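What follows is the content of model16.tsv, which has TSV, C-alpha atoms:
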chain	number	residue	atom	x	y	z
J	37	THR	CA	6.26	20.16	-2.43
J	38	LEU	CA	3.96	17.28	-1.37
J	39	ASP	CA	1.47	15.75	-3.83
J	40	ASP	CA	-1.90	14.98	-2.22
J	41	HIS	CA	-3.05	12.75	-5.15
J	42	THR	CA	-0.05	10.37	-4.73
J	43	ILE	CA	-0.51	7.66	-2.08
J	44	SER	CA	2.09	5.12	-0.90
J	45	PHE	CA	1.19	1.80	0.67
J	46	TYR	CA	2.72	1.96	4.16
J	47	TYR	CA	3.28	-0.96	6.59
J	48	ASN	CA	3.54	-0.43	10.35
J	49	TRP	CA	3.85	-4.12	11.32
J	50	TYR	CA	7.62	-4.16	11.99
J	51	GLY	CA	9.18	-4.67	15.40
J	52	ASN	CA	12.47	-5.45	17.14
J	53	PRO	CA	13.41	-6.91	20.60
J	54	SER	CA	14.25	-3.50	22.08
J	55	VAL	CA	11.05	-1.62	21.38
J	56	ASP	CA	8.53	-4.43	20.99
J	57	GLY	CA	9.69	-7.49	22.95
J	58	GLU	CA	10.51	-9.54	19.85
J	59	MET	CA	11.27	-9.46	16.13
J	60	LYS	CA	8.04	-8.68	14.31
J	61	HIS	CA	7.86	-9.37	10.55
J	62	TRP	CA	11.68	-9.35	10.21
J	63	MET	CA	11.06	-12.86	11.60
J	64	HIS	CA	8.48	-14.52	9.32
J	65	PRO	CA	7.36	-18.07	8.43
J	66	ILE	CA	8.27	-19.47	5.00
J	67	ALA	CA	5.06	-20.09	3.02
J	68	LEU	CA	4.22	-23.62	1.83
J	69	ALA	CA	3.59	-24.02	-1.93
J	70	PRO	CA	-0.17	-23.73	-2.65
J	71	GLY	CA	-1.85	-27.06	-1.78
J	72	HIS	CA	1.27	-28.58	-0.22
J	73	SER	CA	1.81	-29.86	3.33
J	74	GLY	CA	4.91	-29.49	5.55
J	75	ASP	CA	6.64	-27.63	8.39
J	76	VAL	CA	8.88	-25.71	5.92
J	77	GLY	CA	10.14	-23.20	8.51
J	78	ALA	CA	10.72	-19.56	9.45
J	79	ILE	CA	13.31	-16.86	8.78
J	80	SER	CA	14.75	-15.96	12.21
J	81	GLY	CA	15.26	-12.24	11.70
J	82	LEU	CA	18.38	-12.93	13.80
J	83	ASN	CA	22.03	-12.41	12.83
J	84	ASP	CA	20.95	-10.25	9.84
J	85	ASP	CA	18.90	-13.18	8.41
J	86	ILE	CA	15.63	-11.35	7.68
J	87	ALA	CA	12.37	-12.04	5.84
J	88	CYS	CA	12.97	-10.07	2.60
J	89	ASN	CA	15.19	-10.23	-0.48
J	90	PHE	CA	16.56	-6.66	0.10
J	91	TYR	CA	18.04	-5.17	3.32
J	92	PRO	CA	16.75	-1.88	4.83
J	93	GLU	CA	19.10	1.08	5.27
J	94	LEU	CA	17.38	1.50	8.67
J	95	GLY	CA	18.11	-2.16	9.56
J	96	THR	CA	15.60	-4.29	11.49
J	97	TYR	CA	13.59	-1.26	12.63
J	98	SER	CA	10.50	-0.84	14.75
J	99	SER	CA	7.32	0.81	13.48
J	100	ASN	CA	6.83	1.90	17.09
J	101	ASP	CA	10.11	3.83	17.21
J	102	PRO	CA	9.43	7.60	16.94
J	103	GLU	CA	12.79	8.19	15.27
J	104	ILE	CA	11.96	5.69	12.47
J	105	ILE	CA	8.58	7.36	11.92
J	106	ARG	CA	10.28	10.77	11.70
J	107	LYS	CA	12.71	9.38	9.09
J	108	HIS	CA	9.95	7.61	7.10
J	109	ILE	CA	8.05	10.90	6.91
J	110	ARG	CA	11.27	12.66	5.74
J	111	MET	CA	11.64	9.97	3.05
J	112	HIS	CA	8.12	10.84	1.82
J	113	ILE	CA	9.20	14.50	1.67
J	114	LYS	CA	12.08	13.42	-0.60
J	115	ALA	CA	9.73	11.42	-2.82
J	116	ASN	CA	7.24	14.35	-2.97
J	117	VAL	CA	4.61	11.87	-1.74
J	118	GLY	CA	1.91	13.63	0.25
J	119	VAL	CA	-0.24	10.70	1.37
J	120	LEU	CA	0.49	7.48	3.22
J	121	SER	CA	-2.09	4.68	3.31
J	122	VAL	CA	-1.41	2.71	6.49
J	123	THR	CA	-2.09	-1.03	6.74
J	124	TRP	CA	-5.08	-1.64	9.07
J	125	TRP	CA	-5.71	-5.06	10.63
J	126	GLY	CA	-9.00	-4.45	12.51
J	127	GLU	CA	-9.81	-4.55	16.24
J	128	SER	CA	-6.26	-5.74	17.12
J	129	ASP	CA	-5.08	-2.39	15.65
J	130	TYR	CA	-7.38	-0.19	17.78
J	131	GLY	CA	-5.34	2.53	19.46
J	132	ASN	CA	-2.05	1.27	18.08
J	133	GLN	CA	0.98	3.41	18.87
J	134	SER	CA	2.50	3.54	15.37
J	135	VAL	CA	-0.62	5.13	13.81
J	136	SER	CA	-0.70	7.99	16.37
J	137	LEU	CA	3.02	8.64	15.80
J	138	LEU	CA	2.54	8.57	12.02
J	139	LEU	CA	-0.27	11.13	12.17
J	140	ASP	CA	1.69	13.37	14.58
J	141	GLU	CA	4.86	13.34	12.41
J	142	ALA	CA	2.85	13.80	9.17
J	143	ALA	CA	1.13	16.89	10.58
J	144	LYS	CA	4.53	18.57	11.28
J	145	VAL	CA	5.35	18.63	7.54
J	146	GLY	CA	1.89	18.66	5.94
J	147	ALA	CA	1.74	14.97	5.04
J	148	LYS	CA	-1.56	13.06	5.24
J	149	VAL	CA	-2.60	9.56	6.36
J	150	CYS	CA	-5.37	7.30	5.04
J	151	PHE	CA	-6.22	3.72	5.86
J	152	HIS	CA	-5.78	0.40	4.03
J	153	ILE	CA	-8.38	-2.09	5.39
J	154	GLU	CA	-6.72	-5.49	5.30
J	155	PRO	CA	-8.48	-8.90	5.22
J	156	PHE	CA	-8.45	-9.36	9.03
J	157	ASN	CA	-10.16	-12.26	10.89
J	158	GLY	CA	-13.96	-11.93	10.93
J	159	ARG	CA	-13.99	-9.16	8.32
J	160	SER	CA	-17.55	-8.65	7.10
J	161	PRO	CA	-19.73	-5.71	6.09
J	162	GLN	CA	-20.57	-5.27	9.81
J	163	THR	CA	-17.01	-5.42	11.11
J	164	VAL	CA	-15.78	-3.12	8.29
J	165	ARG	CA	-18.45	-0.58	9.38
J	166	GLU	CA	-17.25	-0.82	13.00
J	167	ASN	CA	-13.66	-0.22	11.86
J	168	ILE	CA	-14.63	2.76	9.65
J	169	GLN	CA	-16.45	4.14	12.71
J	170	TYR	CA	-13.40	3.61	14.90
J	171	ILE	CA	-10.96	5.22	12.45
J	172	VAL	CA	-13.28	8.22	11.77
J	173	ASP	CA	-14.04	8.76	15.50
J	174	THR	CA	-10.47	8.33	16.67
J	175	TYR	CA	-8.40	9.92	13.92
J	176	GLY	CA	-10.91	11.92	11.84
J	177	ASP	CA	-10.26	15.20	13.65
J	178	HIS	CA	-6.45	14.92	13.44
J	179	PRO	CA	-4.82	17.65	11.30
J	180	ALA	CA	-3.00	14.91	9.24
J	181	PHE	CA	-6.12	12.83	8.56
J	182	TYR	CA	-6.46	12.47	4.78
J	183	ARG	CA	-9.44	13.93	2.93
J	184	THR	CA	-10.01	14.42	-0.82
J	185	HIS	CA	-13.17	15.83	-2.39
J	186	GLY	CA	-13.93	16.66	1.29
J	187	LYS	CA	-14.15	12.95	2.22
J	188	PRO	CA	-11.91	10.35	3.85
J	189	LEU	CA	-10.49	7.70	1.54
J	190	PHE	CA	-10.33	3.97	2.29
J	191	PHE	CA	-8.62	1.19	0.36
J	192	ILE	CA	-10.05	-2.27	0.84
J	193	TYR	CA	-7.61	-5.13	0.24
J	194	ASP	CA	-8.95	-8.44	-1.12
J	195	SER	CA	-12.43	-6.85	-1.19
J	196	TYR	CA	-13.63	-9.60	-3.61
J	197	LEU	CA	-13.60	-12.06	-0.65
J	198	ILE	CA	-16.90	-10.41	0.33
J	199	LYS	CA	-19.63	-10.61	-2.39
J	200	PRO	CA	-20.77	-7.32	-4.00
J	201	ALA	CA	-24.38	-7.70	-2.74
J	202	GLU	CA	-22.94	-7.87	0.77
J	203	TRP	CA	-20.86	-4.69	0.26
J	204	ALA	CA	-24.05	-2.86	-0.90
J	205	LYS	CA	-25.64	-3.26	2.54
J	206	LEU	CA	-22.82	-0.96	3.68
J	207	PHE	CA	-22.26	1.19	0.60
J	208	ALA	CA	-25.65	1.60	-1.10
J	209	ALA	CA	-27.57	4.73	-0.06
J	210	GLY	CA	-30.51	2.58	1.08
J	211	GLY	CA	-28.39	-0.31	2.34
J	212	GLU	CA	-29.45	-1.87	5.63
J	213	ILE	CA	-26.22	-0.85	7.45
J	214	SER	CA	-25.34	2.03	5.15
J	215	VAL	CA	-22.69	4.58	5.98
J	216	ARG	CA	-23.88	6.85	3.15
J	217	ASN	CA	-24.69	10.39	4.28
J	218	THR	CA	-23.74	9.63	7.90
J	219	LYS	CA	-20.59	11.12	9.51
J	220	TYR	CA	-18.96	7.79	8.50
J	221	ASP	CA	-19.20	8.43	4.76
J	222	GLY	CA	-16.19	8.51	2.49
J	223	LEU	CA	-14.65	7.20	-0.71
J	224	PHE	CA	-14.32	3.46	-0.60
J	225	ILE	CA	-11.88	1.90	-3.01
J	226	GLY	CA	-12.16	-1.81	-3.77
J	227	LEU	CA	-9.50	-4.13	-5.18
J	228	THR	CA	-10.17	-5.21	-8.79
J	229	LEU	CA	-8.46	-8.25	-10.39
J	230	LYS	CA	-9.75	-7.81	-13.91
J	231	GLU	CA	-11.30	-5.18	-16.18
J	232	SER	CA	-14.23	-7.48	-16.92
J	233	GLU	CA	-15.13	-7.66	-13.20
J	234	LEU	CA	-15.36	-3.85	-12.86
J	235	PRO	CA	-19.20	-4.03	-12.70
J	236	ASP	CA	-18.60	-5.59	-9.26
J	237	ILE	CA	-17.43	-2.10	-8.14
J	238	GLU	CA	-20.80	-0.73	-9.38
J	239	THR	CA	-22.87	-3.49	-7.75
J	240	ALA	CA	-20.90	-3.11	-4.51
J	241	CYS	CA	-21.65	0.67	-4.60
J	242	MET	CA	-17.96	1.41	-4.00
J	243	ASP	CA	-16.59	4.80	-5.13
J	244	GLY	CA	-13.55	3.48	-6.96
J	245	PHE	CA	-11.01	0.77	-7.54
J	246	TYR	CA	-7.28	0.04	-7.31
J	247	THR	CA	-5.06	-2.77	-8.70
J	248	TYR	CA	-2.47	-3.13	-5.90
J	249	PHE	CA	-0.06	-5.72	-7.35
J	250	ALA	CA	3.42	-4.38	-8.18
J	251	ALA	CA	4.14	-7.29	-10.56
J	252	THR	CA	2.99	-6.44	-14.11
J	253	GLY	CA	0.73	-9.09	-15.61
J	254	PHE	CA	0.17	-10.85	-12.26
J	255	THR	CA	-3.52	-10.03	-12.80
J	256	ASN	CA	-5.39	-8.58	-15.73
J	257	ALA	CA	-5.87	-5.40	-13.70
J	258	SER	CA	-2.12	-5.10	-12.89
J	259	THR	CA	-1.35	-5.26	-16.64
J	260	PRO	CA	-0.57	-1.63	-17.56
J	261	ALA	CA	-1.76	-2.00	-21.21
J	262	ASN	CA	-5.31	-2.27	-19.71
J	263	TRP	CA	-5.12	1.03	-17.76
J	264	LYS	CA	-6.26	3.57	-20.38
J	265	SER	CA	-9.35	1.38	-20.89
J	266	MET	CA	-9.94	0.97	-17.15
J	267	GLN	CA	-9.83	4.78	-16.80
J	268	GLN	CA	-12.44	5.07	-19.55
J	269	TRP	CA	-14.69	2.66	-17.65
J	270	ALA	CA	-14.21	4.58	-14.36
J	271	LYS	CA	-15.01	7.84	-16.14
J	272	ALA	CA	-18.24	6.50	-17.69
J	273	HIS	CA	-19.43	5.08	-14.36
J	274	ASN	CA	-18.47	8.01	-12.08
J	275	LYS	CA	-15.80	5.97	-10.29
J	276	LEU	CA	-12.21	6.66	-9.24
J	277	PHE	CA	-9.51	4.54	-10.86
J	278	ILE	CA	-6.34	4.43	-8.80
J	279	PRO	CA	-3.65	2.39	-10.54
J	280	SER	CA	-0.92	0.94	-8.36
J	281	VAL	CA	2.70	1.28	-9.50
J	282	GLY	CA	5.73	-0.51	-8.11
J	283	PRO	CA	9.50	-0.64	-8.71
J	284	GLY	CA	9.83	-4.42	-9.00
J	285	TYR	CA	8.72	-7.57	-7.18
J	286	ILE	CA	10.41	-10.48	-5.49
J	287	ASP	CA	9.23	-12.58	-2.54
J	288	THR	CA	11.31	-15.72	-2.83
J	289	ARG	CA	12.69	-15.53	0.70
J	290	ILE	CA	9.20	-16.03	2.23
J	291	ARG	CA	7.70	-17.74	-0.85
J	292	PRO	CA	10.52	-19.81	-2.47
J	293	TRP	CA	8.01	-21.35	-4.97
J	294	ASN	CA	6.84	-17.94	-6.27
J	295	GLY	CA	9.66	-17.12	-8.72
J	296	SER	CA	7.09	-16.65	-11.51
J	297	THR	CA	5.97	-13.38	-9.88
J	298	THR	CA	9.54	-11.98	-9.72
J	299	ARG	CA	10.05	-8.78	-11.67
J	300	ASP	CA	13.58	-7.38	-12.06
J	301	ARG	CA	14.04	-3.68	-11.27
J	302	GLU	CA	16.36	-3.24	-14.30
J	303	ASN	CA	18.14	-0.27	-12.66
J	304	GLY	CA	14.92	1.73	-12.34
J	305	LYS	CA	13.65	0.95	-15.82
J	306	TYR	CA	10.75	-1.24	-14.57
J	307	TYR	CA	9.54	1.55	-12.22
J	308	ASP	CA	9.80	4.10	-15.02
J	309	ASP	CA	7.70	2.04	-17.46
J	310	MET	CA	4.99	1.32	-14.86
J	311	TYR	CA	4.79	4.90	-13.50
J	312	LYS	CA	4.64	6.25	-17.05
J	313	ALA	CA	1.74	3.93	-17.94
J	314	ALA	CA	-0.12	5.13	-14.78
J	315	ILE	CA	0.28	8.83	-15.70
J	316	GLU	CA	-0.63	8.22	-19.37
J	317	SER	CA	-3.82	6.34	-18.41
J	318	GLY	CA	-5.29	9.66	-17.31
J	319	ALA	CA	-6.03	8.54	-13.70
J	320	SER	CA	-6.45	11.34	-11.09
J	321	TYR	CA	-4.67	9.44	-8.28
J	322	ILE	CA	-1.69	7.11	-8.35
J	323	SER	CA	-0.88	4.68	-5.57
J	324	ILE	CA	2.59	3.26	-4.90
J	325	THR	CA	3.15	-0.44	-4.07
J	326	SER	CA	5.03	0.06	-1.88
J	327	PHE	CA	6.78	2.30	0.58
J	328	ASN	CA	7.95	-0.64	2.72
J	329	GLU	CA	6.38	-4.02	1.96
J	330	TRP	CA	9.80	-5.64	2.34
J	331	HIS	CA	8.57	-9.32	2.14
J	332	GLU	CA	7.40	-8.74	-1.39
J	333	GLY	CA	10.41	-6.71	-2.54
J	334	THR	CA	8.22	-3.80	-3.74
J	335	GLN	CA	9.65	-1.17	-1.36
J	336	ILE	CA	10.81	2.24	-2.53
J	337	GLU	CA	12.32	2.73	0.99
J	338	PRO	CA	16.14	2.99	0.98
J	339	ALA	CA	17.98	-0.35	0.85
J	340	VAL	CA	21.71	-1.12	1.27
J	341	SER	CA	24.33	-3.70	0.26
J	342	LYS	CA	24.30	-6.57	2.72
J	343	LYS	CA	25.46	-10.17	3.19
J	344	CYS	CA	25.02	-12.52	6.13
J	345	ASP	CA	26.09	-16.20	6.47
J	346	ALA	CA	22.67	-17.35	5.28
J	347	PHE	CA	21.98	-14.85	2.50
J	348	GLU	CA	23.36	-12.23	0.17
J	349	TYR	CA	20.68	-9.56	-0.26
J	350	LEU	CA	19.80	-7.86	-3.51
J	351	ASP	CA	20.39	-4.11	-3.41
J	352	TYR	CA	20.01	-1.04	-5.62
J	353	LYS	CA	23.69	-1.00	-6.74
J	354	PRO	CA	25.09	0.79	-8.57
J	355	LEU	CA	22.36	3.35	-7.83
J	356	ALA	CA	21.98	5.21	-4.52
J	357	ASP	CA	20.11	3.91	-1.48
J	358	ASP	CA	17.57	6.67	-2.06
J	359	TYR	CA	17.32	6.15	-5.84
J	360	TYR	CA	13.67	5.08	-5.76
J	361	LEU	CA	12.70	8.02	-3.54
J	362	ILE	CA	14.38	10.56	-5.87
J	363	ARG	CA	12.86	8.82	-8.95
J	364	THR	CA	9.41	9.00	-7.30
J	365	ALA	CA	9.84	12.78	-6.93
J	366	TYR	CA	10.70	12.88	-10.67
J	367	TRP	CA	7.51	10.97	-11.55
J	368	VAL	CA	5.29	12.96	-9.17
J	369	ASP	CA	6.58	16.07	-11.00
J	370	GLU	CA	5.69	14.51	-14.39
J	371	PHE	CA	2.25	13.61	-12.99
J	372	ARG	CA	1.64	17.25	-11.92
J	373	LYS	CA	2.76	18.57	-15.33
J	374	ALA	CA	0.23	16.17	-16.89
J	375	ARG	CA	-2.64	17.45	-14.68
J	376	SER	CA	-2.04	21.13	-13.69
J	377	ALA	CA	-3.56	22.94	-10.67
Could you render the structure from this file as structure tokens?
Amino acid sequence: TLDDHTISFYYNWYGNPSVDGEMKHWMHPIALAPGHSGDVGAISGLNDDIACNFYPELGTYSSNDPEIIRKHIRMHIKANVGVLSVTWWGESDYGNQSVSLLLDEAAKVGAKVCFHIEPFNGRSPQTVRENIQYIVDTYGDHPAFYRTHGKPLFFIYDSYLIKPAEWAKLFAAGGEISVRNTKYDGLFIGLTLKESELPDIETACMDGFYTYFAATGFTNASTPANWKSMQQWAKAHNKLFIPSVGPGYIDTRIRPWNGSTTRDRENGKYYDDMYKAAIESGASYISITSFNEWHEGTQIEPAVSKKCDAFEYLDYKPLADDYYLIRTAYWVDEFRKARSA
């Protein structure tokens, strides 16, 4: 019961002292307000003081812990989510342990893994090609490697940071470093910020677009009222629209100035409205922001009641720890009823 057109955004950047040598991501700096100077600080990750507004049921876990990976995959089973899109940070991620574990555990249950190309240092058309080559060569033959329409799928975060004429060198059939019709071909999904900038997807020769942001109205493209129209554009231009749906948003632990982005979960109501709008848009794929982006408070991963000296965490009370996983399964089911085999 795993849907292969439903894709969560998965983060494998977490670490703890006993697996990794130190707290990774559970310790995090506190971001300065845009344009401001200072030494504003860091959240220790120590003594249950961690860099997120909610607290994980699995505690301060490591993405390199095989038992965590096994449980994360089981959580995807519960949600009926067949595809995980793993965060990918370039050359520093080559051969990383967590990815191999993820693929190995996914293959045991029929789950699939695709890649989310982040805005890493020195990212360019050339370095993105090298990374596509690495991922295809290293993981492409794995049983759990995601394919759809017979092709791997890549999400490209903050893709607008590279101009569309530069992307075309890589994604146009005749482009000077083209991957088209090589063994490195696939479906490349760019991030769109607004419906009016959709022609950038065309110029860039990308195969589709996603919206990412879990906070409704944060961009034009993450405003669900625009989704039916975005689907109509995709359809008329032979592109794949992949709306991103999330359960809520809050990042005020790591970005105390960013309260304007906060979106209350409303006991599941927010998730319901957003997932509904995704299904009703007519899109063929739906992406979920997020499985476990804890810093931004978008996680569907189980969370628990928790207080430390420094902080009282939000939680899903009075709903279950697994509420958002169960509710995902509900929505996946609605999505399948709206699409048939």
Task: Near-stretch 198-213 of chain J list (9 Å; all atoms listed in the file; drop same-chain fewer than 6 positions) as a PyMOL selection string - done: chain J and resi 159-162+164-165+221+224+236-243
Open item on the list: Would you compute the distance between atom CA of residue J:173 and atom CA of residue J:155? Give it in Å to one decimal.
Closed with: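 Calculated distance between atom CA of residue J:173 and atom CA of residue J:155 is 21.2 Å.
Note that the spacing between atom CA of residue J:174 and atom CA of residue J:139 amounts to 11.5 Å.
When all atoms listed in the file are used to measure the gap to residue J:147, the shortest distance among J:43, J:234, J:223, J:229 belongs to J:43.
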Task: Selected residue of minimal separation from residue J:69 among J:253, J:295, J:318, J:354, counting only C-alpha atoms - done: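 Ranked by minimum distance to residue J:69, first place goes to J:295.
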TODO: Have a look at atom CA of residue J:180 and atom CA of residue J:133 and let me know their distance in Å, one decimal.
DONE: 15.5 Å
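Closest approach to residue J:143 among J:172, J:109, J:368, J:117 is made by J:109 (distances from only C-alpha atoms).
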Taking every listed atom of stretch 174-179 of chain J and adding 5 Å to each side, what centre and edge lengths in Å (one decimal) does the axis-aligned box have, as JSON?
{"center_x": -7.9, "center_y": 13.0, "center_z": 14.0, "size_x": 16.1, "size_y": 19.3, "size_z": 15.4}
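Closest approach to residue J:330 among J:41, J:373, J:64, J:363: J:64, based on all atoms listed in the file.
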Task: Residues within 12 Å of residue J:268, only C-alpha atoms, excluding chain neighbours under 6 positions, as a ChimeraX atom specification - done: /J:231,234,262,274-277,317-319
Open item on the list: Using all atoms listed in the file for the distances, tell me which of J:146, J:304, J:126, J:292 is nearest to residue J:68.
Closed with: J:292
- [ ] Go through J:346, J:171, J:150, J:111 and flag the residue nearest residue J:358, using all atoms listed in the file for the distances.
- [x] J:111
Task: Neighbour list for residue J:145 as JSON, numbers by chain, cut-off 12 Å, only C-alpha atoms, skip fewer than 5 positions in-chain - done: {"J": [37, 38, 106, 107, 108, 109, 110, 111, 112, 113, 114, 116, 117, 118, 119, 138, 139, 140, 179, 180]}
